[PDB]
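Here is the structure we will look at.
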Amino acid sequence: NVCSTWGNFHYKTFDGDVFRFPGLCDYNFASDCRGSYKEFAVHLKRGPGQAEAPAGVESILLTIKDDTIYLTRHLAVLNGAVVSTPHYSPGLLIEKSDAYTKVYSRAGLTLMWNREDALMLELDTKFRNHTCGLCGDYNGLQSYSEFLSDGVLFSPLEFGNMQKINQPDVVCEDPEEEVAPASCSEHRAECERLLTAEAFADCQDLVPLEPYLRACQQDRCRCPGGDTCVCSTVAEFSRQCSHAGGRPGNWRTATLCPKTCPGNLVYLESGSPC
Amino acid sequence: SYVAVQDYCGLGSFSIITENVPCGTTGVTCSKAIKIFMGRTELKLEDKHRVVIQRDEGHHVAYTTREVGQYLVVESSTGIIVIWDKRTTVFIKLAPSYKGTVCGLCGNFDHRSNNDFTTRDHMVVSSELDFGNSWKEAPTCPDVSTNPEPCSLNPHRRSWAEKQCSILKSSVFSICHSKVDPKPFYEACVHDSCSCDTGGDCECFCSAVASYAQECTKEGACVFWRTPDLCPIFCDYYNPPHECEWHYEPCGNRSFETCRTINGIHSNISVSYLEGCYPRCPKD
Amino acid sequence: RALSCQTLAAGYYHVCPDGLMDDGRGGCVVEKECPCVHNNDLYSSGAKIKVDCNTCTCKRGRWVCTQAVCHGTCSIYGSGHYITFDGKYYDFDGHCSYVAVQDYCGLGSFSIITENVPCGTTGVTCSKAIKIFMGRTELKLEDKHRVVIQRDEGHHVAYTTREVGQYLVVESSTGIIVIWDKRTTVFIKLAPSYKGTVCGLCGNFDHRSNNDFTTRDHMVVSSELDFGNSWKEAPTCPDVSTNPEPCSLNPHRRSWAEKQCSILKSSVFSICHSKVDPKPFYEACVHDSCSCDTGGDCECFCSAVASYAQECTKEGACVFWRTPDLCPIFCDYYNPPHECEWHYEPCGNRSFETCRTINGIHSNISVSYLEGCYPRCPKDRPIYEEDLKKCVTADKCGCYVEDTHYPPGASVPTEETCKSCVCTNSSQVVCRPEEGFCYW
Amino acid sequence: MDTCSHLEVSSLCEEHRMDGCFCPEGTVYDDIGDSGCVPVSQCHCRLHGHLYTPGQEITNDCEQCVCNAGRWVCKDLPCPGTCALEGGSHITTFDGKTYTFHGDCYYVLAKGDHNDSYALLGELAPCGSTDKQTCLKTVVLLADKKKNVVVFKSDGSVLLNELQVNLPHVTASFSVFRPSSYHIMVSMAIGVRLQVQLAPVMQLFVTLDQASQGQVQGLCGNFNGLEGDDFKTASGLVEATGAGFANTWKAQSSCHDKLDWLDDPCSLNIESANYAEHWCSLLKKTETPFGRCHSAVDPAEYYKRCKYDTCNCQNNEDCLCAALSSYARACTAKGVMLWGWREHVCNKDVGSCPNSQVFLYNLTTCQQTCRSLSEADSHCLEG
Ligand SMILES: *[C@@H]1O[C@H](CO)[C@@H](O[C@@H]2O[C@H](CO)[C@@H](O)[C@H](O)[C@H]2NC(C)=O)[C@H](O)[C@H]1NC(C)=O
Ligand SMILES: *[C@@H]1O[C@H](CO)[C@@H](O[C@@H]2O[C@H](CO)[C@@H](O)[C@H](O)[C@H]2NC(C)=O)[C@H](O)[C@H]1NC(C)=O
Ligand SMILES: *[C@@H]1O[C@H](CO)[C@@H](O)[C@H](O)[C@H]1NC(C)=O
Ligand SMILES: [Ca+2]
Ligand SMILES: [Ca+2]
Ligand SMILES: [Ca+2]
Ligand SMILES: [Ca+2]
């Protein structure tokens, strides 16, 4: 299935289980804990804190069984050498569109990342019962062992803290437990109305709704003022809509997180990149 | 990724693409995978295997994949054939019905060789680098500016390369000297041997010599050039424990009975000149 | 108090009841029937195994072995890797003629020299020829052939040259043996009568390895580059100062070398992991692959892997590691047109009949563990003649006089006077006198 | 020609003769010096440079030699042996033979074979997260006919017979001292000497006299001069790997058996490889303070082990400093003493010394307090 991360430190494992882990140092996004041989490992690196609303990513390290890919905001490095995208090796494909950077591997790994905040990873069914990264395991169980391993119901923050990676030159402090804020249920109507619009007709049966609106709940209250933090969720909802097989309409208006491109190029959803 | 062949030439039915990547440190590049588009089906020859993709629902233009000698052969019922040696060599064979209806790096197959440098926009140019650069697939790919000289950038490897490749001009291939001009193959051997400077340079040389030996066979000169010290081949690996039925056939001139031809299935070309190990199945 | 047949000698300082002790195989057993262990293998009581010249027996959980002195072995291989008679690995990269072994140690009976030359551009050097001085005769192994020089008039110390598997074996009746793979590897074997009376790059063979760095003038040093430099032959040859690091001087070749040489650590050699430590062979493989940067680097790798496969065979693990894409071997080239008799024997464990051993001649070492292609002569002419590599009848093989093969019937050359010789039609060399003065 | 070093050339002469300048019947040509065809009994010896006359003596490491006519004549001198347990798992026997174990049990490091003389144990156990990160946790000594058990834990807190003890503690049979609060030095009248280092990582050094050659068994070998029978089990034959031999010396039957580990930690933790290299490579830099020792002790093995330890363990700086402080002990045993090598790398505690205390490199035992001078001969163990 798909593991995803977006928005204001919003995460989503291979079995749903949407939570919020505002870590900032470095983490093991995904890995292959088969025990015998590690096929792949995806390591995520957050930023120093861009601002209150956004939550970017500095760089991504991705090793597949012999080679490492280091993806930054502006350039991609393969085995210590800068490569002019796209690249067509017989076991690995890297391509750099304007809206995404995509990596395809023959082992059954697909990675898609827009250079600012949104990242998603897809694995085949071969790696079930073996994933051990921050995306939880891939047994298909809904929060079975990710949070309740030995009877103790792990809180999201402590579960995320265990997935850290120790860089032996810098000490980075883990985030402290924040005071439990009020359940931002006063903005539920706004989130439900915005998300369940007309442009999202033919995906109401492909993707659920509860998790993505619960995510909008905190997003709306935790992010006062500009709506740079709520429309980053419905974007993820649309991406999930498009990835399943559906086709959304157009929802971005001139007053609802619009976007601009040079010339008469028209911003759309669900159109062929070719 | 460059267009090897296609008939979407100015609405067409197929296309064959190639994927070149660097192999060495002198800047030269070599083919490492092949992609075949036929109607809607897409085959990919890669990592010593054939992989099917986007197989169409109910058209499935009849194609056939099999392995002959050391080569892998793909044939399409429409009249296209691709022969791949699994490392770098590719032969594309086209029916005569596709005459003067193709474009790409392989020219337009019109029995006229003063117009094969036709760019993507139907201009005839005089520079190799201008005809080549116009058939790239991704616009962001860079443009080639010069042809590097391997033996000049790696002087210390020249002495070896010029010594091993000299077998082409030696008395071993004396029968073939009057039937194939060896100079363009000697130059290819020397050029390749000076460039494989990152590992496994005994595999660049054997293929180079085999390319010329194959033509010598094709014109009617079957020559036996492999020795236990020069590009050895290990055929009896395939035999059952100690029954001897696989044999190295120097020039493939042997026709036996498979379970395809036993039911009337036949090809449309002769591939009876491909090197490799062949069976000699028993009489029971 | 819980003994386990493995803590017997420990002491139990810090389940089964009193008496019986755990055996590690299952239920509790008495001390008398306690088994033995060796190389991660569990042998019951009363078993038998051999160690390179002897035989042992698991008696009471303890091994009892015969006491005979095995031969001594020195190894030279790769781009300057040496193993002395007493088991002390080291490296040395010289460009001159060095004394591999000799008996003129401060009057002597032999000497074995070597010729190291540069191979690569990183400064490393490798052996490419051998010279053997025996009495006055001088053999030279060179260009994949053996050349006799200065053959003495009438002493002609008995030796024997033959070809087993992929290797060339030269034995001497005195007790010296040289095994050469024809590219760079060399094994020198000595009988136990030379103990503590030799000197050279291979140590002095006295079952004591803290004094194998003895220089030419009987001084014990602690540096490889001083021990090596003192055994050069021509005084004008230069002196080595530092050991080159190939993979550091050729960074772009590392990725390949570390990927091909990784097979040693893969599952293919899983059987041999508990019997031979692979690390000192993996290091040599990587070191050799980074250096062969002037051509033919697929040959530096196959020999490196074969050096370890041979030891695995020698210790009792026959492993089949060649494939049509990895160091292929072309054996049936030797067969007649299409009759199939030559077979690739992965670990050489075959004892057939030649026309030497048919007449009672026997060697003194077991070379039944050398890789290569071997004959399987048919049942209508089952005697393997070696000097022509031919399966022939027991009658028409040869004569093998003065280390020179002569076909049956052929008039045998003779360096004597008035003595003509002929190989009979019965594989018998017989000589007659000629009274043309001289008599019988 | 015979040239005063390469004697008996003529016996291997594969050439015929011609004219030229030669030497008389005797008086082999002088090669080491620069004179002419001098007699045989004037050959000057050499030893890494200096030209020694025929009659000048010298004393090498464990032997003394005299320049006879062209060739040295040497005679052995007594010199003891040393076993070392360093890093998490790195054991150097009395005859070299380095190997890596990664065990988990009590083990018999070394014990006199006769029946009772002594015994020295050591706790190797998992130390971090995985099984491949081990440590030494406790040293147990069984002496006085195995009627006295002394325990050293890795927090100080030395204790005798399950009872805390005060230092110094001198007895008739052995003695213990603690000169600098991070080093515990024990001497035994039999001929055994122990050094225990408590920071940054616990380590052990054992030294034995040369009158006990072949009468010791344990993980430290037999100490007989041959380093091929070191893996010779206590039940006959010799083993091949480093873990197979070690398992046979467990002090607790309940422990399991381990196997070798065919991997390099610098390939599993990529983020640490650059750090490990950038610092451990200092050992080969001639301009660096360690460059001085290059003359005496080769640094290659220490460099490789430095990379191994820095990549493997999770306290990378602590392992780096522990590995880097083993080279500066081997070198400080052959004269060359590395002064002021803590200025860039492991100065984390150099400036933390108390009020009047300062970091010293030659802090020997008898630089002690007033009472040490009060006796001045009770506790000045040598060696
Ligand atoms: C060799 O060429 C002939 C000529 O087309 C192929 O025969 C065609 O087969 C397809 C389906 O098998 C039919 O739809 C065509 O009508 C046939 N052509 C003709 C002219 O009748 C034949 O298939 C080719 N060989 C192989 C192995 O496919
Ligand atoms: C194997 O070793 C024996 C032991 O010496 C060799 O036998 C010697 O042979 C020579 C000449 O053939 C005799 O002069 C010696 O007297 C023999 N030795 C003894 C002890 O009698 C035998 O030759 C060796 N094997 C080979 C093939 O040479
Ligand atoms: C393990 O089995 C398969 C993969 O092997 C997976 O689909 C399933 O969910 C897993 N179940 C458990 C209990 O781990
Ligand atoms: Ca789950
Ligand atoms: Ca044309
Ligand atoms: Ca010795
Ligand atoms: Ca020993």
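Checked against the criterion of being assigned to a helix (DSSP H, G or I), within 14 Å of another protein chain (Cβ to nearest Cβ) and more than 16 Å from ligand 7 (Cβ to nearest atom), the candidates B:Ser97, B:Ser166 yield just one match: B:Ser166. Evaluation of D:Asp155 against the conditions (1) within 18 Å of D:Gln195 (Cβ to Cβ); (2) among the acidic types (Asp, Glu); (3) touching a strand residue (DSSP E or B) at 6+ places or on another chain (Cβ under 9 Å) shows that the sole unmet condition is (3). Selection of segment C:244-268 for residues being more than 12 Å from chain B (Cβ to nearest Cβ) and within 22 Å of C:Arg183 (Cβ to Cβ) yields C:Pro244, C:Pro246, C:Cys247, C:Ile263, C:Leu264. Of the listed requirements (1) part of a helix (DSSP H, G or I); (2) surrounded by fewer than 19 Cβ atoms within 10 Å (Cβ to Cβ); (3) facing another protein chain (nearest Cβ under 10 Å), D:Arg329 misses just one: (3). The set of residues from segment D:212-232 being surrounded by fewer than 21 Cβ atoms within 10 Å (Cβ to Cβ) and more than 10 Å from ligand 7 (Cβ to nearest atom) comprises D:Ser212, D:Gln215, D:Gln217.
Yes/no per residue for (1) farther than 17 Å from C:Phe85 by Cα; (2) hydrophobic (A, V, I, L, M, F, W, C); (3) surrounded by fewer than 16 Cβ atoms within 10 Å (Cβ to Cβ); (4) more than 16 Å from ligand 6 (Cβ to nearest atom):
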{"residue": "C:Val170", "(1), (2), (3), (4)": "yes, yes, no, yes"}
{"residue": "C:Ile179", "(1), (2), (3), (4)": "no, yes, no, yes"}
{"residue": "C:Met219", "(1), (2), (3), (4)": "yes, yes, no, no"}
{"residue": "C:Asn229", "(1), (2), (3), (4)": "yes, no, no, yes"}
{"residue": "C:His252", "(1), (2), (3), (4)": "yes, no, yes, yes"}
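Has segment B:124-140 got at least one residue that is outside any loop (DSSP other than H, G, I, E, B), among the acidic types (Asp, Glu) and either surrounded by 12 or more Cβ atoms within 10 Å (Cβ to Cβ) or away from ligand 3 (no atom under 16 Å from the Cβ) (or both)? Yes, that holds for at least one residue.
Got at least one residue in segment A:171-181 being away from chain D (no Cβ under 14 Å) and under 17 Å from the mean Cα position of the chain (by Cα)?
no
Could you please find all residues in segment D:12-43 being within 11 Å of chain C (Cβ to nearest Cβ), surrounded by 13 or more Cβ atoms within 10 Å (Cβ to Cβ) and over 13 Å from C:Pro235 (Cβ atoms)? D:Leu12, D:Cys43 - these are the residues of segment D:12-43 that are within 11 Å of chain C (Cβ to nearest Cβ), surrounded by 13 or more Cβ atoms within 10 Å (Cβ to Cβ) and over 13 Å from C:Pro235 (Cβ atoms).
When B:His242 is tested against (1) farther than 20 Å from C:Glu341 by Cβ; (2) more than 25 Å from the chain's Cα centre (by Cα); (3) not basic (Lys, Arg), just one condition goes unmet, and that condition is (1). The set of residues in segment C:28-68 being β-branched (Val, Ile, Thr) and loosely packed, with under 13 Cβ neighbours inside 10 Å consists of C:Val30, C:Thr55, C:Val64, C:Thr66.
Read through the list (1) exposed (fewer than 11 other Cβ atoms within 10 Å of the Cβ); (2) within 16 Å of ligand 5 (Cβ to nearest atom), then give the number of the only condition that B:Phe117 fails. For B:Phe117, the failing item is (1). Just one of the numbered conditions (1) in contact with a helix residue (DSSP H, G or I) (Cβ under 7 Å, 6 or more places away or on another chain); (2) within 21 Å of C:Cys373 (Cα to Cα) is not true of B:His191: (2). So, of the residues in segment C:74-90 that are within 12 Å of chain D (Cβ to nearest Cβ) and in a strand (DSSP E or B), which turns out to be surrounded by the most Cβ atoms within 10 Å (Cβ to Cβ)? The qualifying residue surrounded by the most Cβ atoms within 10 Å (Cβ to Cβ) is C:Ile83. Please tell me if B:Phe205 is away from ligand 6 (no atom under 16 Å from the Cβ), at the interface with chain C (Cβ under 10 Å from one of its Cβ atoms) and under 24 Å from B:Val82 (Cα atoms). Yes: the conditions hold for B:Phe205.
Of everything in segment D:243-258 that's under 14 Å from D:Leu109 (Cα atoms) and at the interface with chain C (Cβ under 8 Å from one of its Cβ atoms), which residue is surrounded by the fewest Cβ atoms within 10 Å (Cβ to Cβ)? By that ranking, first place goes to D:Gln252. Name the residues in segment C:45-61 that are assigned to a loop (DSSP other than H, G, I, E, B) and either within 29 Å of the chain's Cα centre (by Cα) or closer than 25 Å to C:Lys314 by Cβ (or both), would you? Result: C:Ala47, C:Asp52, C:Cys53. The selection criterion, being near ligand 6 (Cβ under 10 Å from one of its atoms) and of a type in the set (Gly, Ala, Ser), does not hold for C:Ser193.
Listed by first and then second residue, the pairs with beta-carbon distance under 7 Å, at least 6 apart or on different chains, first residue in segment C:281-296 and at positive phi, second crowded, with 23+ Cβ neighbours inside 10 Å, are C:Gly295/B:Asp201. The condition (being surrounded by fewer than 16 Cβ atoms within 10 Å (Cβ to Cβ) and aliphatic (A, V, I, L, M)) is satisfied by just one residue among C:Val186, C:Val157, C:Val164: C:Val157.
On the basis of being more than 22 Å from D:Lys132 (Cβ to Cβ), at the interface with chain C (Cβ under 8 Å from one of its Cβ atoms) and among the polar types (S, T, N, Q), does D:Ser235 make the cut? Reasoning before the result, please.
Details: more than 22 Å from D:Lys132 (Cβ to Cβ): yes; at the interface with chain C (Cβ under 8 Å from one of its Cβ atoms): yes; among the polar types (S, T, N, Q): yes.
Yes: the conditions hold for D:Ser235.
Just give me the residues in segment C:1-58 being out of contact with any strand residue (DSSP E or B) (no Cβ under 9 Å at 6 or more places or on another chain) and away from chain D (no Cβ under 12 Å), in sequence order. Across segment C:1-58, the qualifying residues are C:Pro17, C:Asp18, C:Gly19, C:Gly26, C:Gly27, C:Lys32, C:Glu33, C:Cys53. Every condition in (1) crowded, with 18+ Cβ neighbours inside 10 Å; (2) assigned to a strand (DSSP E or B) holds for A:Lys102 except the one numbered (1). If the condition is being aromatic (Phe, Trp, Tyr) and either more than 14 Å from chain B (Cβ to nearest Cβ) or farther than 27 Å from C:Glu245 by Cβ (or both), then segment C:276-326 contributes C:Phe281, C:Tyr282, C:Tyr308, C:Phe320, C:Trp321.
Bear in mind these aren't lab numbers, they're just calculated from the coordinates by the rules spelled out. For neighbour counting, all protein chains shown are included, and Cβ atoms are generated from backbone atoms with ideal geometry for every residue, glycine included.
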